[PDB]
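J.: The structure under discussion is supplied below as structure tokens; questions concerning it will follow.
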Amino acid sequence: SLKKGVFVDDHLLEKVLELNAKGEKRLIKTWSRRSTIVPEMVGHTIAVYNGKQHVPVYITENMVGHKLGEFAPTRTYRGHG
Amino acid sequence: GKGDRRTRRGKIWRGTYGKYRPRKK
Amino acid sequence: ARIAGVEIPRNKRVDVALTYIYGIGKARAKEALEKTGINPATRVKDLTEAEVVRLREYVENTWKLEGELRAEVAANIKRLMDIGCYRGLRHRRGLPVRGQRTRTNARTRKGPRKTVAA
Amino acid sequence: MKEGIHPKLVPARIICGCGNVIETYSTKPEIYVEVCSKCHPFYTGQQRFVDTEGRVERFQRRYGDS
Amino acid sequence: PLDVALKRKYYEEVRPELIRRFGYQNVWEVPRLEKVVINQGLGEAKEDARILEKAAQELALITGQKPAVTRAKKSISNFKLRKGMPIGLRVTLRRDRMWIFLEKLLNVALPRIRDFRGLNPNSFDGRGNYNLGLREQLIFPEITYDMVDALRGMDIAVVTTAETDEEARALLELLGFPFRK
RNA sequence: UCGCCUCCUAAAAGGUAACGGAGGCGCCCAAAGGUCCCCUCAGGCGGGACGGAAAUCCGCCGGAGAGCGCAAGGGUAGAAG
RNA sequence: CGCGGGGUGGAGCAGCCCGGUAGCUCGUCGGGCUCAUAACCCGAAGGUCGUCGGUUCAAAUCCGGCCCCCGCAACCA
RNA sequence: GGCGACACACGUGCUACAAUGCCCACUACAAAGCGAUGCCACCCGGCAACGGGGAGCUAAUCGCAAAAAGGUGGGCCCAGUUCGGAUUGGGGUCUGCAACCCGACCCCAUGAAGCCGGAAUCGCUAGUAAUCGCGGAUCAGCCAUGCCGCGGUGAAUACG
Ligand SMILES: [Mg+2]
Ligand SMILES: [Mg+2]
Ligand SMILES: [Mg+2]
Ligand SMILES: [Mg+2]
Ligand SMILES: [Mg+2]
Ligand SMILES: [Mg+2]
Ligand SMILES: [Mg+2]
Ligand SMILES: [Mg+2]
Ligand SMILES: [Mg+2]
Ligand SMILES: [Mg+2]
Ligand SMILES: [Mg+2]
Ligand SMILES: [Mg+2]
Ligand SMILES: [Mg+2]
Ligand SMILES: [Mg+2]
Ligand SMILES: [Mg+2]
Ligand SMILES: [Mg+2]
Ligand SMILES: [Mg+2]
Ligand SMILES: [Mg+2]
Ligand SMILES: [Mg+2]
Ligand SMILES: [Mg+2]
Ligand SMILES: [Mg+2]
Ligand SMILES: [Mg+2]
Ligand SMILES: [Mg+2]
Ligand SMILES: [Mg+2]
Ligand SMILES: [Mg+2]
Ligand SMILES: [Mg+2]
Ligand SMILES: [Mg+2]
Ligand SMILES: [Mg+2]
Ligand SMILES: [Mg+2]
Ligand SMILES: [Mg+2]
């Protein structure tokens, strides 16, 4: 919660804002899980890092206010014995 | 009680202020 | 009498018996009490159907209650799930969804204990 | 209809959220109805008051201006 | 009383909209609405046949008819049920009395249902009659809510001389039945 | 194993044997009896709150596969149900 | 082959007779007391009743086949 | 990224299960500490957190500050409740490069377990035990119910 804010990292922000106005779209690996997502992100395929590797996450219109690490979970589970 | 943040008694305990403990003297 | 679907409050006191409705209590009550110019201190047992229908009309129109309210919080969470979202997963597995160490008691959210061997 | 052991069913008067029904014709004449979902409130003569679908709708508005 | 608003409303603007719409040559072929059967499967009261006379009293109140008491057909163990015992009340209305109830139902009961985004559109039985289940009985006007000890619903069967659902839906829409489309 | 009942063996009347093949009886019903009146199943698909393979309800199709206190056989809704 | 008995939580017994509800001791699991283990105390989990088929509304329970188990008998030759 | 995992098990705690009690309004009485890279009166906007402005103080000299219980007055009428506030939904404030994982706080909705706890087990001999608030260290902020301290009201009971 920020408001005068909406923090996104400038590093991918570049490569995304490009893939509108370049005209072309493809797979982009970023470490920034602190950033928020959209509008010009939607439909882009972004690889987010969980600490281990880069997870493909497809993007849509109800992912909007959600930070990029929501969709890249950090812990491996599958329950118990 | 001291854990109702929506009460006077609660607020005092958590140490905070608000609509249920507005700051005036 | 009856408001917001059925939900009949009775006797007691009118600002209190207003809490017994889904979506309402404390604030949202003592507000619509003067907004309809009704004495809160009175008892829902007796009052003019006048102050009764003014009272249902406000409430049932103002905000969403009961069915549609629960239907909204439903689909809100359905939205968090199936979007693959983190919080969604914590709903999917019925585990605590904000902060909250789960090594020890989550119990309210986790269910009662299911013990196993050492 | 066998005489005896039967509700009376006499012409009545009935009211509601808006108007009456002169129709009535029921046992226990003069009854008080909560709301007819058709006074055309509540989904009929569709009011659609306090509408839904704001949650995908809002996160896009306060979002990229700030 | 042979007047009954909705009855009138059927001849005096439902029938014509129907002939106009399906193009009926014969006066009879245009669908007539016969026999709505209200039935409480009440097997709730099974050992207590005392509970039942309260429930039958309540059906009468909202119908104008005391219901027949159904009885068990075959004995079946999985839930109790001796071969003889009463399952529930079942009452047939027609002819005026069905209309005077069907009116009250349309303008009062179904409105008083919590939520209610409308009657199910698929419940037509394919030879074109319509059934619909209800849960609580205090959504009727004739019920005082302090006379309910417990909550027993009912299945409602509406039979029509329509040969198909397409025609049966039309008759029922035009009568004012709030379908969920 | 020993008397009684049903089916087969039994060779299309009856009868017909074996330590031949298979099952039942030693009761029950004051309604499960007499009569007059009425009613018609099982099952299948569709529809219906709690109702689930199945409680009850509504539609259509269903010549008997149901029922007839208990074993089998014959019989039987134009009733014996 | 013959006649009798049995087969049920991990172990050992009950329940079957008289249809509708599975019980008892040990063991196992969680806690307690002890420096600690045992003893001891407070809690719990655990069986589809050998198997297939049949009767009834309903089968651990009544019936029939088979698969094991123990006992008995197998004489005059 | 993890140390924050969660089928579970134990230790120390906090908030309770209410009427010697809960809520609201008014009315009082402390000590010890901290702060001009800070403590911020007072005024305005805001339901509020907070944000604008902005005076004093190197501080027995200004600020944190309201102490709380108590007191008075009215409300609740034994009810899983005006008890209890865990959980979750939505809306926001702030620190910080940054609050998905992991922050604290405010409002709106949600209101769970719980009706004094099996076997067992702890502390305390007086201004103590109970109970009520307050300050500091660490520190951007904070998961502090912790720790170290300060005063308020204030029992019972020791045959042996
Ligand atoms: Mg409270
Ligand atoms: Mg937390
Ligand atoms: Mg955690
Ligand atoms: Mg259909
Ligand atoms: Mg038809
Ligand atoms: Mg012959
Ligand atoms: Mg011959
Ligand atoms: Mg014999
Ligand atoms: Mg007779
Ligand atoms: Mg049938
Ligand atoms: Mg069916
Ligand atoms: Mg036959
Ligand atoms: Mg026979
Ligand atoms: Mg025959
Ligand atoms: Mg034995
Ligand atoms: Mg042990
Ligand atoms: Mg030991
Ligand atoms: Mg056997
Ligand atoms: Mg069986
Ligand atoms: Mg049994
Ligand atoms: Mg000899
Ligand atoms: Mg740690
Ligand atoms: Mg330990
Ligand atoms: Mg603690
Ligand atoms: Mg409880
Ligand atoms: Mg986090
Ligand atoms: Mg109590
Ligand atoms: Mg305790
Ligand atoms: Mg001492
Ligand atoms: Mg403190």
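Here, A, B, ... name the chains of the structure tokens in the order displayed, residue numbers run from 1 inside each chain, and ligands are numbered from 1 in the same displayed order.
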List all protein, DNA and RNA residues that have any atom at most 7 Å from ligand 24, counting only C-alpha atoms (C1' of nucleotides) and all ligand atoms, and write the list as an MDAnalysis selection string.

T.: chainID H and resid 13:14 145:146

J.: What residues in chain D lie within 9 Å of chain A, counting only C-alpha atoms, written as a VMD selection string?

T.: chain D and resid 55 to 57 59 to 60 62 to 66

J.: Kindly export the residues of the current selection with N, CA and C atoms, as a PDB file, in the first residue's frame.

T.:
ATOM      1  N   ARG D  55     -14.285  -5.337  -9.301  1.00  0.00           N
ATOM      2  CA  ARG D  55     -12.980  -5.781  -8.764  1.00  0.00           C
ATOM      3  C   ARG D  55     -11.854  -5.937  -9.813  1.00  0.00           C
ATOM      4  N   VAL D  56     -12.202  -6.325 -11.040  1.00  0.00           N
ATOM      5  CA  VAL D  56     -11.271  -6.262 -12.174  1.00  0.00           C
ATOM      6  C   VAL D  56     -11.260  -4.819 -12.682  1.00  0.00           C
ATOM      7  N   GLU D  57     -12.373  -4.138 -12.407  1.00  0.00           N
ATOM      8  CA  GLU D  57     -12.672  -2.789 -12.893  1.00  0.00           C
ATOM      9  C   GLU D  57     -11.883  -1.660 -12.184  1.00  0.00           C
ATOM     10  N   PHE D  59      -8.960  -1.925  -9.957  1.00  0.00           N
ATOM     11  CA  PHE D  59      -7.505  -2.067  -9.845  1.00  0.00           C
ATOM     12  C   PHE D  59      -6.771  -1.438 -11.041  1.00  0.00           C
ATOM     13  N   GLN D  60      -7.534  -1.028 -12.056  1.00  0.00           N
ATOM     14  CA  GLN D  60      -6.995  -0.391 -13.254  1.00  0.00           C
ATOM     15  C   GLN D  60      -7.071   1.140 -13.242  1.00  0.00           C
ATOM     16  N   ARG D  62      -7.161   3.679 -10.014  1.00  0.00           N
ATOM     17  CA  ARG D  62      -6.213   4.266  -9.045  1.00  0.00           C
ATOM     18  C   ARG D  62      -4.760   3.892  -9.340  1.00  0.00           C
ATOM     19  N   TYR D  63      -4.591   2.997 -10.316  1.00  0.00           N
ATOM     20  CA  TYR D  63      -3.361   2.230 -10.556  1.00  0.00           C
ATOM     21  C   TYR D  63      -2.172   3.003 -11.181  1.00  0.00           C
ATOM     22  N   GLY D  64      -2.299   3.409 -12.451  1.00  0.00           N
ATOM     23  CA  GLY D  64      -1.187   3.943 -13.241  1.00  0.00           C
ATOM     24  C   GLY D  64      -1.094   5.454 -13.432  1.00  0.00           C
ATOM     25  N   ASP D  65      -1.716   6.200 -12.526  1.00  0.00           N
ATOM     26  CA  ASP D  65      -1.678   7.658 -12.556  1.00  0.00           C
ATOM     27  C   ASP D  65      -0.820   8.195 -11.402  1.00  0.00           C
ATOM     28  N   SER D  66      -1.385   8.105 -10.193  1.00  0.00           N
ATOM     29  CA  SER D  66      -0.713   8.378  -8.917  1.00  0.00           C
ATOM     30  C   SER D  66       0.283   9.541  -8.952  1.00  0.00           C
TER      31      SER D  66
END

J.: Neighbours of residue 15 (chain G) within 12 Å (only C-alpha atoms (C1' of nucleotides); same-chain residues fewer than 5 positions away dropped), as a PDB file with N, CA and C atoms (P, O5', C5', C4', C3', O3' and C1' of nucleotides), in the first residue's frame?

T.:
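Result file part.pdb:
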ATOM      1  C1'   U G   8     -13.845 -61.331  13.627  1.00  0.00           C
ATOM      2  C3'   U G   8     -11.698 -61.193  12.596  1.00  0.00           C
ATOM      3  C4'   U G   8     -12.655 -62.002  11.729  1.00  0.00           C
ATOM      4  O3'   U G   8     -10.796 -60.394  11.829  1.00  0.00           O
ATOM      5  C5'   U G   8     -12.127 -63.295  11.149  1.00  0.00           C
ATOM      6  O5'   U G   8     -10.763 -63.524  11.480  1.00  0.00           O
ATOM      7  P     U G   8     -10.319 -64.727  12.431  1.00  0.00           P
ATOM      8  P     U G  21     -26.899 -52.979  13.536  1.00  0.00           P
ATOM      9  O5'   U G  21     -26.402 -51.675  14.289  1.00  0.00           O
ATOM     10  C5'   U G  21     -25.044 -51.543  14.659  1.00  0.00           C
ATOM     11  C4'   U G  21     -24.914 -51.241  16.127  1.00  0.00           C
ATOM     12  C3'   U G  21     -23.837 -52.040  16.845  1.00  0.00           C
ATOM     13  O3'   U G  21     -22.939 -51.122  17.431  1.00  0.00           O
ATOM     14  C1'   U G  21     -25.942 -52.172  18.027  1.00  0.00           C
ATOM     15  P     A G  22     -21.828 -50.542  16.446  1.00  0.00           P
ATOM     16  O5'   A G  22     -21.155 -51.870  15.926  1.00  0.00           O
ATOM     17  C5'   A G  22     -20.019 -52.350  16.610  1.00  0.00           C
ATOM     18  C4'   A G  22     -20.311 -53.499  17.535  1.00  0.00           C
ATOM     19  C3'   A G  22     -19.127 -53.770  18.440  1.00  0.00           C
ATOM     20  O3'   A G  22     -19.370 -53.293  19.745  1.00  0.00           O
ATOM     21  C1'   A G  22     -19.452 -55.589  16.968  1.00  0.00           C
ATOM     22  P     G G  23     -18.515 -52.057  20.298  1.00  0.00           P
ATOM     23  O5'   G G  23     -17.658 -52.641  21.513  1.00  0.00           O
ATOM     24  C5'   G G  23     -18.152 -52.621  22.844  1.00  0.00           C
ATOM     25  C4'   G G  23     -17.969 -53.964  23.506  1.00  0.00           C
ATOM     26  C3'   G G  23     -16.629 -54.207  24.170  1.00  0.00           C
ATOM     27  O3'   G G  23     -16.565 -53.673  25.467  1.00  0.00           O
ATOM     28  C1'   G G  23     -17.231 -56.083  22.871  1.00  0.00           C
ATOM     29  P     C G  24     -15.246 -52.875  25.873  1.00  0.00           P
ATOM     30  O5'   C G  24     -14.370 -53.941  26.662  1.00  0.00           O
ATOM     31  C5'   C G  24     -14.953 -54.835  27.589  1.00  0.00           C
ATOM     32  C4'   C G  24     -14.008 -55.966  27.865  1.00  0.00           C
ATOM     33  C3'   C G  24     -12.537 -55.606  27.863  1.00  0.00           C
ATOM     34  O3'   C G  24     -12.125 -54.948  29.049  1.00  0.00           O
ATOM     35  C1'   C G  24     -12.850 -57.604  26.674  1.00  0.00           C
ATOM     36  P     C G  49     -16.682 -58.393   6.016  1.00  0.00           P
ATOM     37  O5'   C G  49     -15.919 -58.744   7.372  1.00  0.00           O
ATOM     38  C5'   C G  49     -14.764 -59.579   7.384  1.00  0.00           C
ATOM     39  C4'   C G  49     -14.736 -60.470   8.599  1.00  0.00           C
ATOM     40  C3'   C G  49     -15.630 -61.705   8.521  1.00  0.00           C
ATOM     41  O3'   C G  49     -14.965 -62.807   9.135  1.00  0.00           O
ATOM     42  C1'   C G  49     -16.193 -60.443  10.428  1.00  0.00           C
ATOM     43  P     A G  60     -23.247 -58.202   8.117  1.00  0.00           P
ATOM     44  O5'   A G  60     -22.269 -59.028   9.074  1.00  0.00           O
ATOM     45  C5'   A G  60     -21.292 -59.912   8.527  1.00  0.00           C
ATOM     46  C4'   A G  60     -20.786 -60.911   9.544  1.00  0.00           C
ATOM     47  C3'   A G  60     -21.750 -61.995  10.008  1.00  0.00           C
ATOM     48  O3'   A G  60     -21.848 -63.077   9.097  1.00  0.00           O
ATOM     49  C1'   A G  60     -20.614 -61.083  11.858  1.00  0.00           C
ATOM     50  P     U G  61     -23.269 -63.515   8.483  1.00  0.00           P
ATOM     51  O5'   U G  61     -24.072 -64.175   9.689  1.00  0.00           O
ATOM     52  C5'   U G  61     -23.470 -65.077  10.596  1.00  0.00           C
ATOM     53  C4'   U G  61     -24.251 -65.157  11.881  1.00  0.00           C
ATOM     54  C3'   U G  61     -25.713 -65.557  11.750  1.00  0.00           C
ATOM     55  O3'   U G  61     -26.045 -66.507  12.761  1.00  0.00           O
ATOM     56  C1'   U G  61     -25.525 -63.524  12.959  1.00  0.00           C
TER      57        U G  61
END

J.: Identify which of the residues E:119, E:100, E:45, E:30 lies closest to chain D, counting only C-alpha atoms when measuring atom-to-atom distances.

T.: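 The answer is E:100, which sits nearest to chain D.
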
J.: Excluding residue 70 (chain C) and residues on its chain fewer than 2 positions from it, collect all residues at most 12 Å away from it, counting only C-alpha atoms (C1' of nucleotides), and give them as a ChimeraX atom specification.

T.: /C:22-23,64-68,72-77 /E:115 /H:88-89,109-110

J.: Up to 12 Å from chain B, what residues of chain C turn up? Count only C-alpha atoms and give them as number ranges by chain.

T.: C: 25-27

J.: Set the distance at 7 Å and use only C-alpha atoms (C1' of nucleotides): which residues neighbour region 41-57 of chain F once local chain neighbours fewer than 3 positions away are removed? I'd like the list as a list in words.

T.: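 Listing them by chain and then by number gives residues 39, 41, 43, 72, 87, 88, 123, 124, 125, 126, 130, 131, 132, 133, 134, 135, 153, 154, 155 and 156 of chain E; 66 of chain F.
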
J.: Give me the residues within 12 Å of residue 91 (chain H) as a ChimeraX atom specification, counting only C-alpha atoms (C1' of nucleotides) and dropping any in the same chain fewer than 5 places off.

T.: /A:1 /D:58-59 /H:106-109

J.: May I have the residues within 8 Å of ligand 15, computed using only C-alpha atoms (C1' of nucleotides) and all ligand atoms, as a VMD selection string?

T.: chain G and resid 6 to 7 13

J.: Which residues are close to residue 5 (chain C), i.e. within 7 Å by only C-alpha atoms (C1' of nucleotides), leaving aside same-chain residues fewer than 4 positions away? Reply as number ranges by chain.

T.: E: 112-115

J.: Save the residues we just selected, N, CA, C and O atoms, as an mmCIF file, in the first residue's frame?

T.:
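Written out: result_27.cif:
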data_model
loop_
_atom_site.group_PDB
_atom_site.id
_atom_site.type_symbol
_atom_site.label_atom_id
_atom_site.label_comp_id
_atom_site.auth_asym_id
_atom_site.auth_seq_id
_atom_site.Cartn_x
_atom_site.Cartn_y
_atom_site.Cartn_z
ATOM 1 N N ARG E 112 -40.325 -13.465 -1.761
ATOM 2 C CA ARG E 112 -39.864 -13.465 -0.379
ATOM 3 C C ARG E 112 -38.733 -14.445 -0.195
ATOM 4 O O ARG E 112 -38.239 -14.627 0.918
ATOM 5 N N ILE E 113 -38.327 -15.087 -1.284
ATOM 6 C CA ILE E 113 -37.182 -15.996 -1.249
ATOM 7 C C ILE E 113 -35.844 -15.261 -1.130
ATOM 8 O O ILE E 113 -35.531 -14.378 -1.940
ATOM 9 N N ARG E 114 -35.059 -15.633 -0.122
ATOM 10 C CA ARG E 114 -33.712 -15.106 0.037
ATOM 11 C C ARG E 114 -32.934 -15.311 -1.261
ATOM 12 O O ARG E 114 -33.073 -16.354 -1.909
ATOM 13 N N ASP E 115 -32.113 -14.327 -1.629
ATOM 14 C CA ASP E 115 -31.582 -14.238 -2.992
ATOM 15 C C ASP E 115 -32.722 -14.166 -4.001
ATOM 16 O O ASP E 115 -33.426 -13.156 -4.095
#

J.: Quick one: contact table of chain G to chain C, 10 Å max, nearest atom pair and distance in Å to one decimal per residue, counting only C-alpha atoms (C1' of nucleotides), chain and number order, as a Markdown table?

T.:
| residue | atom | partner | partner_atom | distance |
| --- | --- | --- | --- | --- |
| G:29 | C1' | C:117 | CA | 6.2 |
| G:30 | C1' | C:115 | CA | 6.9 |
| G:44 | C1' | C:115 | CA | 9.5 |
| G:45 | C1' | C:115 | CA | 9.8 |

J.: Counting only C-alpha atoms and all ligand atoms, what are the residues of chain C within 10 Å of ligand 26, and for each of them which pair of atoms is the nearest and at what distance in Å, to one decimal? Sort the table by chain and rising number, as JSON lines.

T.:
{"residue": "C:98", "atom": "CA", "partner": "ligand 26", "partner_atom_place_in_ligand_line": "1 (Mg)", "distance": 8.2}
{"residue": "C:99", "atom": "CA", "partner": "ligand 26", "partner_atom_place_in_ligand_line": "1 (Mg)", "distance": 6.3}
{"residue": "C:100", "atom": "CA", "partner": "ligand 26", "partner_atom_place_in_ligand_line": "1 (Mg)", "distance": 9.6}

J.: Next, dump the selected residues to file, keeping only N, CA and C atoms, as a PDB file, in the first residue's frame.

T.:
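That gives us selection_20.pdb:
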ATOM      1  N   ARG C  98      -2.271 -14.506   5.648  1.00  0.00           N
ATOM      2  CA  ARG C  98      -1.503 -13.286   5.849  1.00  0.00           C
ATOM      3  C   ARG C  98      -0.461 -13.374   6.983  1.00  0.00           C
ATOM      4  N   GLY C  99       0.832 -13.296   6.664  1.00  0.00           N
ATOM      5  CA  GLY C  99       1.869 -13.345   7.696  1.00  0.00           C
ATOM      6  C   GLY C  99       1.938 -14.698   8.379  1.00  0.00           C
ATOM      7  N   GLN C 100       1.755 -14.729   9.704  1.00  0.00           N
ATOM      8  CA  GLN C 100       1.223 -15.935  10.361  1.00  0.00           C
ATOM      9  C   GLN C 100       2.029 -17.230  10.280  1.00  0.00           C
TER      10      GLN C 100
END

J.: Hey, which residues come within 9 Å of ligand 17 if we count only C-alpha atoms (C1' of nucleotides) and all ligand atoms? Could you give them as a VMD selection string?

T.: chain G and resid 33 to 34 37 to 40

J.: So that I have them on file, write out the residues from the current selection with N, CA and C atoms (P, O5', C5', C4', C3', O3' and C1' of nucleotides), as a PDB file, in the first residue's frame.

T.:
ATOM      1  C1'   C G  33       4.957 -38.491  36.392  1.00  0.00           C
ATOM      2  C3'   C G  33       6.201 -36.686  37.270  1.00  0.00           C
ATOM      3  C4'   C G  33       4.835 -36.219  36.872  1.00  0.00           C
ATOM      4  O3'   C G  33       6.710 -35.987  38.384  1.00  0.00           O
ATOM      5  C5'   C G  33       4.783 -34.877  36.208  1.00  0.00           C
ATOM      6  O5'   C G  33       5.564 -34.843  35.027  1.00  0.00           O
ATOM      7  P     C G  33       5.096 -33.951  33.794  1.00  0.00           P
ATOM      8  P     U G  34       8.240 -35.524  38.381  1.00  0.00           P
ATOM      9  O5'   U G  34       9.058 -36.841  37.982  1.00  0.00           O
ATOM     10  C5'   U G  34       9.477 -37.763  38.985  1.00  0.00           C
ATOM     11  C4'   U G  34      10.538 -38.716  38.493  1.00  0.00           C
ATOM     12  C3'   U G  34      11.764 -38.103  37.856  1.00  0.00           C
ATOM     13  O3'   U G  34      12.679 -37.544  38.788  1.00  0.00           O
ATOM     14  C1'   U G  34      11.028 -39.926  36.549  1.00  0.00           C
ATOM     15  P     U G  37      12.172 -41.539  29.957  1.00  0.00           P
ATOM     16  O5'   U G  37      12.328 -43.121  30.078  1.00  0.00           O
ATOM     17  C5'   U G  37      13.064 -43.843  29.105  1.00  0.00           C
ATOM     18  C4'   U G  37      13.204 -45.295  29.473  1.00  0.00           C
ATOM     19  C3'   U G  37      11.923 -46.015  29.878  1.00  0.00           C
ATOM     20  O3'   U G  37      11.087 -46.408  28.798  1.00  0.00           O
ATOM     21  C1'   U G  37      13.617 -46.499  31.452  1.00  0.00           C
ATOM     22  P     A G  38       9.506 -46.503  29.059  1.00  0.00           P
ATOM     23  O5'   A G  38       9.364 -47.640  30.170  1.00  0.00           O
ATOM     24  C5'   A G  38       9.529 -49.004  29.836  1.00  0.00           C
ATOM     25  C4'   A G  38       9.596 -49.885  31.061  1.00  0.00           C
ATOM     26  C3'   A G  38       8.325 -50.046  31.878  1.00  0.00           C
ATOM     27  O3'   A G  38       7.355 -50.885  31.275  1.00  0.00           O
ATOM     28  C1'   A G  38      10.150 -49.733  33.333  1.00  0.00           C
ATOM     29  P     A G  39       5.804 -50.485  31.360  1.00  0.00           P
ATOM     30  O5'   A G  39       5.538 -50.525  32.918  1.00  0.00           O
ATOM     31  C5'   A G  39       5.285 -51.752  33.561  1.00  0.00           C
ATOM     32  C4'   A G  39       5.173 -51.568  35.043  1.00  0.00           C
ATOM     33  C3'   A G  39       4.009 -50.736  35.523  1.00  0.00           C
ATOM     34  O3'   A G  39       2.814 -51.473  35.590  1.00  0.00           O
ATOM     35  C1'   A G  39       5.964 -49.966  36.547  1.00  0.00           C
ATOM     36  P     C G  40       1.530 -51.055  34.719  1.00  0.00           P
ATOM     37  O5'   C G  40       0.965 -49.823  35.529  1.00  0.00           O
ATOM     38  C5'   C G  40       0.918 -49.855  36.944  1.00  0.00           C
ATOM     39  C4'   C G  40       0.817 -48.459  37.498  1.00  0.00           C
ATOM     40  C3'   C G  40      -0.183 -47.530  36.811  1.00  0.00           C
ATOM     41  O3'   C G  40      -1.516 -47.693  37.276  1.00  0.00           O
ATOM     42  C1'   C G  40       1.888 -46.429  37.016  1.00  0.00           C
TER      43        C G  40
END

J.: Write as a count of residues only the residues around ligand 19, taking 8 Å as the cut-off and counting only C-alpha atoms (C1' of nucleotides) and all ligand atoms.

T.: 3

J.: Return as a list in words the residues belonging to chain H that are within 8 Å of chain C, counting only C-alpha atoms (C1' of nucleotides).

T.: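 Result: residues 4, 5, 6, 7, 8, 9, 82, 86, 87, 89, 100, 102, 109, 110, 112 and 113 of chain H.
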
J.: Enumerate residues in contact with ligand 18: an atom-to-atom distance of at most 9 Å, counting only C-alpha atoms (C1' of nucleotides) and all ligand atoms. Format the result as a PDB file with N, CA, C and O atoms (P, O5', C5', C4', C3', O3' and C1' of nucleotides), in the first residue's frame.

T.:
ATOM      1  P     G G  50     -15.244 -64.305   8.628  1.00  0.00           P
ATOM      2  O5'   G G  50     -14.183 -64.542   7.471  1.00  0.00           O
ATOM      3  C5'   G G  50     -13.038 -63.729   7.345  1.00  0.00           C
ATOM      4  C4'   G G  50     -12.146 -64.306   6.296  1.00  0.00           C
ATOM      5  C3'   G G  50     -12.705 -64.266   4.888  1.00  0.00           C
ATOM      6  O3'   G G  50     -12.486 -63.017   4.233  1.00  0.00           O
ATOM      7  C1'   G G  50     -12.043 -66.462   5.387  1.00  0.00           C
ATOM      8  P     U G  51     -13.729 -62.166   3.638  1.00  0.00           P
ATOM      9  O5'   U G  51     -14.000 -62.866   2.231  1.00  0.00           O
ATOM     10  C5'   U G  51     -12.918 -63.171   1.364  1.00  0.00           C
ATOM     11  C4'   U G  51     -13.267 -64.256   0.381  1.00  0.00           C
ATOM     12  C3'   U G  51     -14.592 -64.104  -0.362  1.00  0.00           C
ATOM     13  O3'   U G  51     -14.536 -63.203  -1.466  1.00  0.00           O
ATOM     14  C1'   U G  51     -14.425 -66.295   0.493  1.00  0.00           C
ATOM     15  P     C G  52     -15.712 -62.121  -1.716  1.00  0.00           P
ATOM     16  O5'   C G  52     -16.786 -62.911  -2.608  1.00  0.00           O
ATOM     17  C5'   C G  52     -16.493 -63.309  -3.945  1.00  0.00           C
ATOM     18  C4'   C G  52     -17.340 -64.478  -4.422  1.00  0.00           C
ATOM     19  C3'   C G  52     -18.854 -64.284  -4.470  1.00  0.00           C
ATOM     20  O3'   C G  52     -19.339 -63.534  -5.572  1.00  0.00           O
ATOM     21  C1'   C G  52     -18.384 -66.353  -3.442  1.00  0.00           C
ATOM     22  P     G G  64     -26.796 -75.260   4.840  1.00  0.00           P
ATOM     23  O5'   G G  64     -26.369 -75.080   3.313  1.00  0.00           O
ATOM     24  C5'   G G  64     -27.172 -75.584   2.262  1.00  0.00           C
ATOM     25  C4'   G G  64     -26.627 -75.159   0.929  1.00  0.00           C
ATOM     26  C3'   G G  64     -25.140 -75.378   0.731  1.00  0.00           C
ATOM     27  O3'   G G  64     -24.778 -76.710   0.436  1.00  0.00           O
ATOM     28  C1'   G G  64     -25.680 -73.191   0.051  1.00  0.00           C
ATOM     29  P     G G  65     -23.299 -77.194   0.818  1.00  0.00           P
ATOM     30  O5'   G G  65     -22.367 -76.508  -0.275  1.00  0.00           O
ATOM     31  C5'   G G  65     -22.397 -76.955  -1.623  1.00  0.00           C
ATOM     32  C4'   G G  65     -21.547 -76.096  -2.529  1.00  0.00           C
ATOM     33  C3'   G G  65     -20.051 -76.162  -2.302  1.00  0.00           C
ATOM     34  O3'   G G  65     -19.470 -77.330  -2.851  1.00  0.00           O
ATOM     35  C1'   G G  65     -20.713 -73.911  -2.649  1.00  0.00           C
ATOM     36  P     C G  66     -18.452 -78.205  -1.965  1.00  0.00           P
ATOM     37  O5'   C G  66     -17.090 -77.370  -2.033  1.00  0.00           O
ATOM     38  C5'   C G  66     -16.499 -77.058  -3.286  1.00  0.00           C
ATOM     39  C4'   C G  66     -15.759 -75.737  -3.274  1.00  0.00           C
ATOM     40  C3'   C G  66     -14.511 -75.656  -2.422  1.00  0.00           C
ATOM     41  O3'   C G  66     -13.401 -76.309  -2.992  1.00  0.00           O
ATOM     42  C1'   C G  66     -15.766 -73.670  -2.174  1.00  0.00           C
TER      43        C G  66
END

J.: Output as a PyMOL selection string all residues of chain A that backbone DSSP marks as strand (DSSP E).

T.: chain A and resi 28-30+46-49+54-57

J.: For the residues in that selection, give me C-alpha atoms as an mmCIF file, in the first residue's frame.

T.:
data_model
loop_
_atom_site.group_PDB
_atom_site.id
_atom_site.type_symbol
_atom_site.label_atom_id
_atom_site.label_comp_id
_atom_site.auth_asym_id
_atom_site.auth_seq_id
_atom_site.Cartn_x
_atom_site.Cartn_y
_atom_site.Cartn_z
ATOM 1 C CA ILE A 28 11.615 -11.918 -20.622
ATOM 2 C CA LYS A 29 13.504 -13.064 -17.522
ATOM 3 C CA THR A 30 13.445 -10.763 -14.520
ATOM 4 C CA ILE A 46 7.594 -12.935 -18.034
ATOM 5 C CA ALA A 47 9.967 -15.348 -16.261
ATOM 6 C CA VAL A 48 10.089 -14.538 -12.543
ATOM 7 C CA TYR A 49 12.776 -15.843 -10.193
ATOM 8 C CA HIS A 54 12.778 -18.431 -13.503
ATOM 9 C CA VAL A 55 9.116 -19.347 -13.660
ATOM 10 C CA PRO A 56 7.068 -18.625 -16.739
ATOM 11 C CA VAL A 57 4.015 -16.602 -15.776
#
